[PDB]
file target.tsv (TSV, C-alpha atoms)
chain	number	residue	atom	x	y	z
D	1	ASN	CA	0.00	0.00	0.00
D	2	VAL	CA	2.96	2.29	-0.66
D	3	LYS	CA	0.98	4.04	-3.40
D	4	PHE	CA	-1.16	5.75	-0.76
D	5	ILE	CA	1.85	7.08	1.14
D	6	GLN	CA	3.91	7.44	-2.04
D	7	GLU	CA	1.68	10.32	-3.09
D	8	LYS	CA	1.07	11.71	0.39
D	9	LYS	CA	4.71	11.57	1.55
D	10	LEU	CA	6.81	12.05	-1.59
D	11	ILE	CA	4.51	14.61	-3.19
D	12	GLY	CA	3.73	16.46	0.05
D	13	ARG	CA	7.44	16.88	0.63
D	14	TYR	CA	7.70	18.58	-2.74
D	15	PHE	CA	5.39	21.44	-1.71
D	16	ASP	CA	6.16	21.39	2.02
D	17	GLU	CA	9.87	21.89	1.40
D	18	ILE	CA	9.19	24.53	-1.24
D	19	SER	CA	7.20	26.19	1.54
D	20	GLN	CA	10.65	27.01	2.91
D	21	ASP	CA	11.86	28.37	-0.44
D	22	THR	CA	14.68	25.84	-0.18
D	23	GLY	CA	14.85	25.71	-3.98
D	24	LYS	CA	15.06	21.93	-4.11
D	25	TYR	CA	12.08	21.20	-6.38
D	26	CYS	CA	10.60	21.93	-9.83
D	27	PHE	CA	7.25	21.75	-11.66
D	28	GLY	CA	6.60	21.00	-15.30
D	29	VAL	CA	8.24	18.91	-17.99
D	30	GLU	CA	10.68	21.59	-19.12
D	31	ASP	CA	11.71	22.39	-15.54
D	32	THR	CA	11.57	18.81	-14.26
D	33	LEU	CA	13.53	17.69	-17.33
D	34	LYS	CA	16.15	20.43	-16.97
D	35	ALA	CA	17.01	19.51	-13.38
D	36	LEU	CA	16.82	15.82	-14.28
D	37	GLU	CA	19.45	16.36	-16.93
D	38	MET	CA	21.35	18.15	-14.19
D	39	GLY	CA	21.06	15.08	-12.00
D	40	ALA	CA	19.99	17.56	-9.34
D	41	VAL	CA	16.66	15.78	-8.81
D	42	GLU	CA	16.67	13.27	-5.94
D	43	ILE	CA	13.20	11.89	-6.72
D	44	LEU	CA	11.11	12.42	-9.85
D	45	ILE	CA	7.33	12.57	-9.43
D	46	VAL	CA	5.37	12.08	-12.65
D	47	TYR	CA	1.77	11.01	-13.40
D	48	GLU	CA	0.45	8.05	-15.41
D	49	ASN	CA	-2.05	10.14	-17.35
D	50	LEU	CA	0.58	12.63	-18.49
D	51	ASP	CA	-0.63	14.63	-21.50
D	52	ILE	CA	2.96	15.54	-22.35
D	53	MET	CA	5.45	13.68	-24.53
D	54	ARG	CA	8.82	14.37	-26.19
D	55	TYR	CA	8.60	15.25	-29.88
D	56	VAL	CA	11.19	16.23	-32.50
D	57	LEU	CA	10.28	19.04	-34.90
D	58	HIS	CA	12.28	20.04	-37.99
D	59	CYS	CA	13.03	23.49	-39.40
D	60	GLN	CA	11.73	25.32	-42.48
D	61	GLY	CA	15.22	25.32	-43.96
D	62	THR	CA	16.29	22.09	-42.23
D	63	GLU	CA	19.70	21.51	-40.65
D	64	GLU	CA	18.02	22.41	-37.35
D	65	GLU	CA	16.00	20.24	-34.97
D	66	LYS	CA	13.65	21.46	-32.24
D	67	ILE	CA	12.32	19.50	-29.28
D	68	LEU	CA	9.07	20.63	-27.66
D	69	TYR	CA	6.47	19.23	-25.27
D	70	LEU	CA	3.01	18.84	-26.82
D	71	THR	CA	-0.43	17.64	-25.76
D	72	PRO	CA	-2.85	15.33	-27.67
D	73	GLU	CA	-4.31	18.41	-29.37
D	74	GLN	CA	-0.94	19.72	-30.59
D	75	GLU	CA	0.52	16.25	-31.16
D	76	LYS	CA	-2.57	15.33	-33.19
D	77	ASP	CA	-1.36	17.86	-35.75
D	78	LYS	CA	1.77	15.86	-36.63
D	79	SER	CA	1.91	16.72	-40.35
D	80	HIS	CA	1.64	20.48	-39.86
D	81	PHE	CA	2.44	20.78	-36.16
D	82	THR	CA	1.89	24.49	-36.95
D	83	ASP	CA	-0.96	26.93	-36.28
D	84	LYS	CA	-3.30	28.42	-38.87
D	85	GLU	CA	-3.15	31.61	-36.80
D	86	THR	CA	0.62	32.15	-36.68
D	87	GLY	CA	2.05	29.79	-39.26
D	88	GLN	CA	4.92	28.63	-37.07
D	89	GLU	CA	7.60	26.25	-38.35
D	90	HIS	CA	7.18	22.76	-36.90
D	91	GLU	CA	7.58	19.35	-38.51
D	92	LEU	CA	7.15	16.24	-36.36
D	93	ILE	CA	9.37	13.29	-37.26
D	94	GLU	CA	9.22	11.09	-34.16
D	95	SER	CA	7.37	11.02	-30.84
D	96	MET	CA	8.45	9.44	-27.57
D	97	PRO	CA	6.21	9.18	-24.46
D	98	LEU	CA	7.74	11.41	-21.79
D	99	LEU	CA	6.34	9.26	-18.99
D	100	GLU	CA	7.87	6.12	-20.48
D	101	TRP	CA	11.04	8.08	-21.17
D	102	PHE	CA	11.20	9.18	-17.53
D	103	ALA	CA	10.71	5.58	-16.40
D	104	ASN	CA	13.46	4.29	-18.71
D	105	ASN	CA	16.10	6.93	-17.96
D	106	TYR	CA	15.48	7.54	-14.25
D	107	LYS	CA	18.84	5.85	-13.60
D	108	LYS	CA	20.87	8.01	-15.99
D	109	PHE	CA	19.47	11.13	-14.35
D	110	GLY	CA	19.91	9.55	-10.93
D	111	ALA	CA	16.33	10.54	-10.20
D	112	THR	CA	13.64	8.29	-8.81
D	113	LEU	CA	10.78	8.15	-11.28
D	114	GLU	CA	7.71	7.75	-9.10
D	115	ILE	CA	4.36	7.72	-10.88
D	116	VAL	CA	1.72	9.39	-8.71
D	117	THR	CA	-1.92	10.45	-9.15
D	118	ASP	CA	-4.22	13.35	-8.22
D	119	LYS	CA	-6.18	10.93	-6.02
D	120	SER	CA	-4.52	12.21	-2.84
D	121	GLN	CA	-4.25	15.76	-1.47
D	122	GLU	CA	-0.58	16.06	-2.41
D	123	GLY	CA	-1.37	14.48	-5.75
D	124	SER	CA	-3.81	17.35	-6.16
D	125	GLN	CA	-1.05	19.89	-5.49
D	126	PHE	CA	1.17	18.80	-8.39
D	127	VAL	CA	-1.76	19.14	-10.75
D	128	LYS	CA	-2.23	22.69	-9.48
D	129	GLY	CA	1.48	23.48	-9.48
D	130	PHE	CA	1.83	22.38	-13.09
D	131	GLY	CA	-0.17	19.30	-13.98
D	132	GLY	CA	1.75	16.09	-14.65
D	133	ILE	CA	5.46	16.60	-13.97
D	134	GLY	CA	7.44	17.65	-10.92
D	135	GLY	CA	10.92	17.04	-9.58
D	136	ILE	CA	12.58	16.83	-6.19
D	137	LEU	CA	16.18	17.99	-5.99
D	138	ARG	CA	18.95	16.19	-4.13
D	139	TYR	CA	20.18	19.43	-2.59
D	140	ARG	CA	20.07	23.20	-2.94
D	141	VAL	CA	21.26	24.10	-6.44
D	142	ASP	CA	21.89	27.35	-8.28
D	143	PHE	CA	21.21	25.86	-11.72
D	144	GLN	CA	23.25	26.79	-14.79
D	145	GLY	CA	22.70	29.63	-17.22
D	146	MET	CA	22.92	33.43	-17.29
D	147	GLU	CA	23.61	35.73	-14.33
D	148	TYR	CA	20.06	35.50	-12.97
D	149	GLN	CA	19.57	31.95	-14.25
D	150	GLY	CA	22.48	30.77	-12.12
D	151	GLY	CA	25.80	29.64	-13.56
D	152	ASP	CA	27.42	30.73	-16.82
D	153	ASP	CA	27.06	27.59	-18.96
D	154	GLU	CA	23.75	28.56	-20.57
D	155	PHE	CA	25.49	28.73	-23.95
D	156	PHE	CA	27.10	25.29	-23.93
D	157	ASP	CA	28.32	24.36	-27.41
D	158	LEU	CA	28.96	20.89	-25.99
D	159	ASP	CA	25.74	19.86	-27.75
D	160	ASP	CA	27.61	19.73	-31.06
D	161	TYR	CA	30.38	17.75	-29.35
D	162	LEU	CA	27.99	14.80	-29.12
D	163	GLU	CA	27.45	14.79	-32.89
D	164	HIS	CA	31.21	14.75	-33.46

call {"tool": "encode", "arguments": {"input": "target.tsv", "output": "structure tokens"}}
result
Amino acid sequence: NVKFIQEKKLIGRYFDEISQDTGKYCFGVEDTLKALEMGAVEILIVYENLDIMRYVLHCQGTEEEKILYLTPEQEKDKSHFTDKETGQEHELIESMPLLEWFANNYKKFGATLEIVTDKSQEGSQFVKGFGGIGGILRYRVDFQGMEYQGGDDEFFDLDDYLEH
């Protein structure tokens, strides 16, 4: 019956600690993913019915790939992946379930992928905080990026290093 306490204890800690502004938690795929790449997330709390997945969009001129988080509505528009109101530039090639992805790479990130639900009070908080994805950090971190963002590695060209 860990599921009952899994949501009440793990999840509650997420908001309770944040109640101290300890800066050891995050909400949302983008945020939760960022800290999970940072291995700064002690325990990852995600939901089964997550309406967010990892997709790979192309560019109008090509030679450039974009990765964004979409919902059934947006994902449904795979061919265009654009908007008839703005005419963005998106072209879906592949689509990987973020939940499944978080449950298959929880070791690489060192995070603990725990799948919760809005059934409990705490489970109701995550939905309010964001709605599907939240992360618990191992310890107080300053994150990496610009001056306000934190560090100074926001512009890491190391991404191209992988390709080489």

call {"tool": "residues_around", "arguments": {"input": "target.tsv", "residues": "residue 129 in chain D", "least_positions_apart": "6", "cutoff": "10 Å", "atoms": "all atoms listed in the file", "output": "PyMOL selection string"}}
result
chain D and resi 15+26-28

call {"tool": "closest_residue", "arguments": {"input": "target.tsv", "among": "D:91, D:36, D:5, D:140", "to": "residue 57 in chain D", "atoms": "only C-alpha atoms"}}
result
D:91

call {"tool": "residues_around", "arguments": {"input": "target.tsv", "residues": "residue 143 in chain D", "least_positions_apart": "6", "cutoff": "12 Å", "atoms": "only C-alpha atoms", "output": "list in words"}}
result
residues 23, 24, 25, 26, 31, 34, 35, 36, 37, 38, 39, 40, 41, 137, 149, 150, 151, 152, 153 and 154 of chain D

call {"tool": "closest_residue", "arguments": {"input": "target.tsv", "among": "D:48, D:42, D:142, D:64", "to": "residue 115 in chain D", "atoms": "only C-alpha atoms"}}
result
D:48

call {"tool": "closest_residue", "arguments": {"input": "target.tsv", "among": "D:50, D:33, D:116, D:70", "to": "residue 2 in chain D", "atoms": "all atoms listed in the file"}}
result
D:116

call {"tool": "closest_residue", "arguments": {"input": "target.tsv", "among": "D:123, D:44, D:52, D:164", "to": "residue 107 in chain D", "atoms": "all atoms listed in the file"}}
result
D:44

call {"tool": "closest_residue", "arguments": {"input": "target.tsv", "among": "D:134, D:121, D:58, D:8", "to": "residue 88 in chain D", "atoms": "only C-alpha atoms"}}
result
D:58

call {"tool": "atom_distance", "arguments": {"input": "target.tsv", "atom1": "CA of residue 62 in chain D", "atom2": "CA of residue 145 in chain D"}}
result
26.9 Å

call {"tool": "residues_around", "arguments": {"input": "target.tsv", "residues": "residue 120 in chain D", "least_positions_apart": "4", "cutoff": "8 Å", "atoms": "all atoms listed in the file", "output": "ChimeraX atom specification"}}
result
/D:4,7-8,124

call {"tool": "axis_aligned_box", "arguments": {"input": "target.tsv", "around": "range 14-25 of chain D", "padding_each_side": "6 Å", "output": "AutoDock Vina command-line options"}}
result
--center_x 10.2 --center_y 23.5 --center_z -1.7 --size_x 21.7 --size_y 21.8 --size_z 21.3

call {"tool": "closest_residue", "arguments": {"input": "target.tsv", "among": "D:105, D:6, D:1, D:95", "to": "residue 71 in chain D", "atoms": "all atoms listed in the file"}}
result
D:95

call {"tool": "atom_distance", "arguments": {"input": "target.tsv", "atom1": "CA of residue 13 in chain D", "atom2": "CA of residue 53 in chain D"}}
result
25.4 Å

call {"tool": "atom_distance", "arguments": {"input": "target.tsv", "atom1": "CA of residue 59 in chain D", "atom2": "CA of residue 109 in chain D"}}
result
28.7 Å

call {"tool": "residues_around", "arguments": {"input": "target.tsv", "residues": "residue 89 in chain D", "least_positions_apart": "3", "cutoff": "12 Å", "atoms": "only C-alpha atoms", "output": "MDAnalysis selection string"}}
result
chainID D and resid 57:62 64:66 79:84 86 92

call {"tool": "residues_near_point", "arguments": {"input": "target.tsv", "point": "(7.4, 11.2, -5.7)", "cutoff": "6 Å", "atoms": "all atoms listed in the file", "output": "list in words"}}
result
residues 10, 11, 43, 44, 45 and 114 of chain D
